[PDB]
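Per-chain numbering from 1; labels A, B, C, D, E, F, G, H and I assigned in written order.
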Amino acid sequence: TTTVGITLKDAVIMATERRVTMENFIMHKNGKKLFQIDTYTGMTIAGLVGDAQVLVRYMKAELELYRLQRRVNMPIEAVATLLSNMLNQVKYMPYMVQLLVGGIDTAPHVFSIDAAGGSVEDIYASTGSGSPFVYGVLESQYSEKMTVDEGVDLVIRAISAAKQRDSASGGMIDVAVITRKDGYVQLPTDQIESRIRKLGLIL
Amino acid sequence: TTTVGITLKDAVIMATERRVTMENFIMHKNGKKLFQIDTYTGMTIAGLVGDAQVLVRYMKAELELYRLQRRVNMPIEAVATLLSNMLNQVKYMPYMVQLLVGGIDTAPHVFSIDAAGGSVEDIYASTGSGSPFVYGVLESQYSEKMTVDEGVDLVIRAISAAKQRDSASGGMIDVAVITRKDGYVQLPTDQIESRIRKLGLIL
Amino acid sequence: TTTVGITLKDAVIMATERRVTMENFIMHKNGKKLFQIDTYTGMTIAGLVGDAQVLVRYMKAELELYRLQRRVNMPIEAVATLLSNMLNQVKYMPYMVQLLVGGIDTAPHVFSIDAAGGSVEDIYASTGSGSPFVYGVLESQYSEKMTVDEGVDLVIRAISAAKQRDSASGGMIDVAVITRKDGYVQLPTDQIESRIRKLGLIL
Amino acid sequence: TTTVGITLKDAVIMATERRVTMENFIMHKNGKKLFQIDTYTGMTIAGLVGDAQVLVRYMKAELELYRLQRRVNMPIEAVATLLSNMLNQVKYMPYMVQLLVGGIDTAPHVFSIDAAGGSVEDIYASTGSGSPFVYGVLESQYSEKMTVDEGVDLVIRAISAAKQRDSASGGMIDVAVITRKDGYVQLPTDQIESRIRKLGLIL
Amino acid sequence: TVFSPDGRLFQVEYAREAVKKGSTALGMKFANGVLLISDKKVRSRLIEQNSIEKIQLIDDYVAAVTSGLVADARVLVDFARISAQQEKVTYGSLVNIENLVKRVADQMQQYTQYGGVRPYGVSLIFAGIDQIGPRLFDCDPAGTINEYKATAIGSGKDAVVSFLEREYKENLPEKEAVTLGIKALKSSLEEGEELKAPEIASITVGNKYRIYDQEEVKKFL
Amino acid sequence: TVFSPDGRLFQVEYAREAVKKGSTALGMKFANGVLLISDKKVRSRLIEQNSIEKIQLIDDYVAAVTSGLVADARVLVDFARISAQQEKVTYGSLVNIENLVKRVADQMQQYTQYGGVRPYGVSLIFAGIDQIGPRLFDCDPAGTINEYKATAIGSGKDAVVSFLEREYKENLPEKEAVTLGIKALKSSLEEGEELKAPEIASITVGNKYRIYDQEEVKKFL
Amino acid sequence: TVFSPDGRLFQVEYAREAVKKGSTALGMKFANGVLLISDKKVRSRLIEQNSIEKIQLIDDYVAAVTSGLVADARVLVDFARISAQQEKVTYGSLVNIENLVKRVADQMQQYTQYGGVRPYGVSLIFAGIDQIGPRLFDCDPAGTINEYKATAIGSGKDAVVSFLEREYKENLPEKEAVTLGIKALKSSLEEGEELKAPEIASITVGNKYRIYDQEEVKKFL
Amino acid sequence: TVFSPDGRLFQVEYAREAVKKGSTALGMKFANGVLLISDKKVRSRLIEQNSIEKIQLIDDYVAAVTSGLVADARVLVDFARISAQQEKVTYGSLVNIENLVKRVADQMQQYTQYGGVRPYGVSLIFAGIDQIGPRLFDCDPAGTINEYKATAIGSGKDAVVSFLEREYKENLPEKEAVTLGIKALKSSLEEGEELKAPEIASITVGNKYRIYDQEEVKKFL
Amino acid sequence: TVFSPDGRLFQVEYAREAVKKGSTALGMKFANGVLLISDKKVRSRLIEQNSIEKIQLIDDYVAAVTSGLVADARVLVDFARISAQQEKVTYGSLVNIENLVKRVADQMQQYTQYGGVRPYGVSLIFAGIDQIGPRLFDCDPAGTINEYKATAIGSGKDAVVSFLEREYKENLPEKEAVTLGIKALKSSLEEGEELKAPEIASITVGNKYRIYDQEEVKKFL
């Protein structure tokens, strides 16, 4: 699994690969690991699949019911605190996942949540098994002054560099850009294939 | 993790580093491990992250509800006794943390609380993995006649000396000074960088 | 840990050291392990710290509520029987402590209570890890005809001899003398330092 | 531990030593292991101490409440059957003891009860760790035609012979003689010391 | 069981009306000791007199005499026995009789609030020896405790109490206190009725609880 | 079930009114033994006489005869049997019959407090041999126990008790006590009614419980 | 317990009618300390005066005096003691007496909503020393708390309060406040009645709770 | 609590009759802030004025003023505090005050269906600062919520509301809104009554909750 | 809630009498879409108009308008929201709105059998888009569901329904259906009353739920 979250000024760029693997065996070449939880909020799952899908359904219900009962979207620290309280109440019969929550609430935020409920905000985060290769690219090429398109090209370079050296990562890259003006925008396959083919990458 | 509490006359100085690590791997270079629980009271967490954050949320609720119901802040021995009763009621499905509670209740106090609920008051305490290096500095350089600024410089020297020799400790130092006159004062980043750069330290 | 109880005619002398240790590491150089449970009754804890502090709070509540409901202090055999029934009701999720209860109820008594609830009365008892050195001193120098001051000097010699040869024992010695005339009297630090310095001991 | 029960015509002689030991270490040189449960009935405990003391308190309550509700003392087979039903209802979270019950109900009886509730009546029984030495003396010197004083001298010889060769047995011997005429009679220390010194024994 | 506009509980008053139809009983403190005296009006010759016990033992130091409905009295005596043995298991001995009386009376009070249960129609007298010495108590169907020195319960309460605030003096011996209690019990009866042998029980400080046999009572008549 | 202003429980009084419509039954203590006699008025010729049991065994040492509502009587006999077997499992034997009667009567008392249940309309007579020897008991729908020497329950109680306080003497043999009980049961009937064969059961000390067969009863008529 | 069309709870009003028949009690704050005074009308010479406690201790810093039905008062004092010891176990000390009063009064309020239980007919006065110093409270059978400086409960409440809004001044010493409370308690009585020795209890800031002995009260008369 | 043939709930109407006997209270929204004003009619000189709190804090951003029965008001304020802290534990902060009011009012509605419990006789006013800014709410014993801009509860509600639909204007400063609320509270009183010092509390957007001290209120009179 | 001899449930009839006092509401199906119109009679100028929501959203595809008691309406809307989110968690999407209405109405039916609870005095109108397209439902306090094409609930139901069985035609556009609903809502009012701005909400097939803003409604007047 490979999972990236990038905070830029007025923007959150989150992206993944799509491979589902059974111990060495590529069971599914097109998974879905990047979800829209709320209008300005997306989470991204890694780890076991069934636990993570249950968490996605539950958080879509909780955030939509919150939005209906309160007339304004849930803040991102409250989303991450809600997942922290949920994941920590079991702790011994645990959900074996790790999650990223990214969104806009007059400030872009990326929260990284582990299997026991420790939510930590950071300017860029990455979960999965291909995580250290992404962290290797983002230690050397990330800058907080980048535009949105340089951010998308950076995350495509990071996940491509993780796909070259991790065997549990691969497939098409799903990128989603979250802004206040346009909202949660799932970038199309054609633009991502154009950026992959343009930057000199064969995926 | 590295965590210091210092009792001076009319003052409590508590401080930490900021690194969150997964077994050798620096997951987050800016955590938050020093919290304000009450107007004159701060705790400081070490150990597992999700358990410690749940304890922080619970103790903020308990101390604020106590303050509203009783019109006067909770004494520090009652805060530490409340954490002792809370942590000891599980004891077998335990919270795997260790905590410091420091505050002013017409006397400065620092309580050290372990994972099973044994609260012991001491004039200076230190929790975390970088704990013995801090205890090495504080055995040789602590004096009860110090001023507040000599105390802040001492805790900066202790956490810097722990950051040099522990790999699970690092990052920016968060210092908070608790007095009766000014209250809980989180010292700014610029003053701490000025004291680090002034004392001859590169962090 | 080192813990002594001595029965003399019309007197009970109980005393401890003050060191709290984490496997080789002196976490706290001033603990509190000698408590006053009732007006003529004191217990003394050894073992795990959080369990023992919970037992101290519970027994203070039970003996004070007994004294209010019944207009006369609880007999010492009933205190030890109450701790025996309490510690034995768990027995499998146990409190891992060992306790001494000493008091005056028209006869001086010292009861030794283990982690499973076996209360045995004896004329002198000692718990902790430095227990056999105390038993070595008390086998050769205890006499039932001693005065109170010879008793206090004896317990200071016993705990000093345990501090020389046990690494988990150390610190200042807390001595408390329980009589019918004066009650529970915690002896001051100055008198104990005077008796330590007078008998030729460096602590 | 060493524990003897002897049935003679119109008499039951039960006796013990008094040592309480922690794995090699003589914690208490004067325990109490021979108890009076009812006016004509005494039990005798061996094994773990706290479990056995809880069993003594419970059986004193049950036999006294039986005597008040029914105007006549409980038969000995019903005492042993009551302990058998009590000890067997746990069986997996067990009381780790072994017990003797002796008494007069127009016939002298000695019942031996183990940790799982198997009560067997016998003419002489012995529990504890020094049990086989007592059984060695009683196989060769017991006779059913003995008087009460020859019985007391026999049990003193048996427990002395167990004290010579078992390290977990020792101390003063407590002998109690149960008859219909005199009842439960705890023999004094002076008579037992006179019989020990008279028979040529140093204890 | 609700309040009357006068501020009264009617089921408790009617329970006291059920108490006023029981056998007359006395409790008298004498010099280091307590007496309990109960009337034993066995009407038929067919009732076995070997097992009519009016003075119930709760402990070999503590006894009680009941009046009112006899079935609720048997229930409260059984609860008092189980509570006494719980105090002996938990603590080791029974230091104060007053808290045994408070546990029985807090059982009796609880049925004077809850709507799904009627009050007990029983008044009790407790008596015994504890560390404060000889103690005597009276318990009222509302759950009301009063520590006394001489008292009566039952049908002829007012004649006996009216006798014992003019004829009772403090530190009597045992035989004089028994004789005073017997002539009190005769003062409760109207003429035509002679006392058949009542039941008398005594305890002194240090000893256990001694119940008088038959010919000693007939000598004390 | 609440108190009347007189201090009375009305459901217990009405339950006793339900008891006064049952079959007449006797219990008589004789020289080391107990008798139970019950009337067996089988009206129709169509009722099977092979299995009409009026004297129920609770134990092969302990029996009971009931009166009142027969369904509540069957329930109380089943509870008495289960309680007797619990005492045999827990202790090993049944030392006192009185505590079996106290467990049944403390079952019967409990329905005279709680509002969601009516009292039992059954009076019982217990009888048997324990370590105190031959014992005979009577249990009243309030839950009231009285140990007796001769008693009756049912419709014709007062004629039988009024016969047995002028015709009963203490240490009769078995045949004389059966003959006295049969003429007591005839003294309960008015003229026009002849006794069809009643049911008689006896126990002596040491032996088990012996129920009389048919031709012995017809000889005893 | 339902609403009246006037907007009233009738069982609470009738409970206050039950409170108006209790013994008169005072609480007075003096200069760093609190007084509690209770009347001790022992009528019979047969009531033991060694153990009549009108001023109950809940803690060696906190005491309470009750009025109304004495059995419900005993229940509420036992609940107050258990709640005080729960606060000492959980926290370590008792920082505020007001929350002890709020736990007792939230026990008393709960029975004024639920239909299966009647309200408590008890008014209480709490008093003691905490970190805010000397504090005095009054608790009403609806569960209503009022912090006071001088108050009375019981039968003669209005005479004592009417005396203490014309005769009470703020920072009295201990002896002057006791003398003022005693003449207040005399002002409640009508003529013909003389005070037999009442019960007075005091606490000052820093010390524990001191209950006056007998001859000091008779000197203070 | 059942329906009337008119389609009415009578216990809710009678609960509103219990609400009409409380102290008069105001809530006023001013320019980025909320006011709560409560009347403090302390009658006796013996009531301690240091701890009479009419304006209860639920949060250092959220306060409420109650009217009606004061014990049920204390219960609902404690439930509001525990619910506020549950929202802070679960989510991290209190984003909307309206759902706190909906949890309190859904507690109050639940007792207007179930038959074993009476409704609360309390009307509340909530007030505070959330992400939608200054918000003011009113809660009716049926459990009915209305968001307002100026309101009153209690005895003199109609005089204050009738004053505030002719004298209230939208974006007042703080001092003008306090002065308008004080003359509204004077408009509720009849002649002969002068205001002793009421309790005024205010909050502005960004700051915490500020309760006025004594001499500022006496200056604002 | 029991049967009348006519075969009627009286608490349901009285609950409908409570429904006849609510605000008038319309639901109208137009060409691929549903309308909900509610009257917004805000009387005082002090009620905040920013948060008076008469048309509640249960889902961004499904909305409901309530009439009757507003507190029970808030409870039923909260139950409808939680039930909708349970169907989204369990299945993944909300395929049929009719089963959401059946879960709400089977909650409302359950209180019309059990004796310890009164019925809901609320009638609801559900509306939304599912796989069968635009659907409109009405729910009656007995728990009775009827799928409609145009309906009204509240006080002026019969004037609006009587208007819409002579003025309603099937496949109107959105603006014509809103104009017809507004003149229906004017047909419910008597003279003297002018419509202040009501609340109108619409959904079309494929889109989400669109609530009209203020100046569009004032243009539609």
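In this section, contacts are C-beta pairs under 8 Å (C-beta built on N, C-alpha and C of every residue); 3 or more make two chains touch, one makes a residue touch a chain.
In UniProt terms the chains read A, B, C, D = Proteasome subunit beta; E, F, G, H, I = Proteasome subunit alpha.
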Along the shortest chain of touching chains, how many steps lie between subunit B (Proteasome subunit beta) and subunit H (Proteasome subunit alpha)?
1
Intersection of the contact lists for subunit E (Proteasome subunit alpha) and subunit I (Proteasome subunit alpha):
none
In steps of 5 degrees, what rotation angle do you get fitting subunit F (Proteasome subunit alpha) onto subunit I (Proteasome subunit alpha) on the CA atoms?
155
Which one of the chains is closest to the middle, using the mean of its C-alpha atoms?
G
When the contacting C-beta pairs are counted for A-H and for D-E, which pair yields the higher total?
A-H
Interface copy of B-H among A-H, D-E or C-E, with over half of contact pairs matching by residue number, is D-E
Could you state the distance in Å from the CA-based centre of subunit F (Proteasome subunit alpha) to that of subunit H (Proteasome subunit alpha)?
71
Taking each chain's mean CA coordinate, subunit H (Proteasome subunit alpha) and subunit I (Proteasome subunit alpha) are separated, in whole Å, by 32
Centroid distance [mean C-alpha coordinates] between subunit G (Proteasome subunit alpha) and subunit C (Proteasome subunit beta), Å:
41
Indicate the whole-number Å distance between the mean C-alpha point of subunit F (Proteasome subunit alpha) and the mean C-alpha point of subunit G (Proteasome subunit alpha).
57
Which subunit E (Proteasome subunit alpha) residues touch at least two other chains?
51, 89, 92, 98, 115-116
Could you list the positions in subunit C (Proteasome subunit beta) whose residues touch two or more of the other chains?
57, 69, 81, 85
If I apply the definition of touch given earlier, which pairs of chains qualify?
A-B, A-H, A-I, B-C, B-G, B-H, C-D, C-E, C-G, D-E, D-F, E-F, E-G, G-H, H-I
Report the residues of subunit G (Proteasome subunit alpha) in contact with subunit C (Proteasome subunit beta) in the complex, numbered from low to high.
57-60, 81-82, 85-86, 88-89, 92
With touch defined as at the start, can you tell me which subunit E (Proteasome subunit alpha) residues reach subunit F (Proteasome subunit alpha) in the complex?
10-11, 14-21, 44-48, 51-52, 69-72, 74-75, 78, 111, 115-119, 121
For subunit F (Proteasome subunit alpha), which residues are in contact with subunit E (Proteasome subunit alpha) within the complex?
1-9, 98, 102, 105-106, 109, 112-116, 136, 142-151, 161, 164-165, 168
List of subunit F (Proteasome subunit alpha) residues in touch with subunit D (Proteasome subunit beta) within their complex:
89-93, 95-96, 98-99, 131-132
If you look only at subunit C (Proteasome subunit beta), which of its residues touch subunit B (Proteasome subunit beta) in the complex?
20, 25, 27-31, 48-51, 53-54, 57, 93
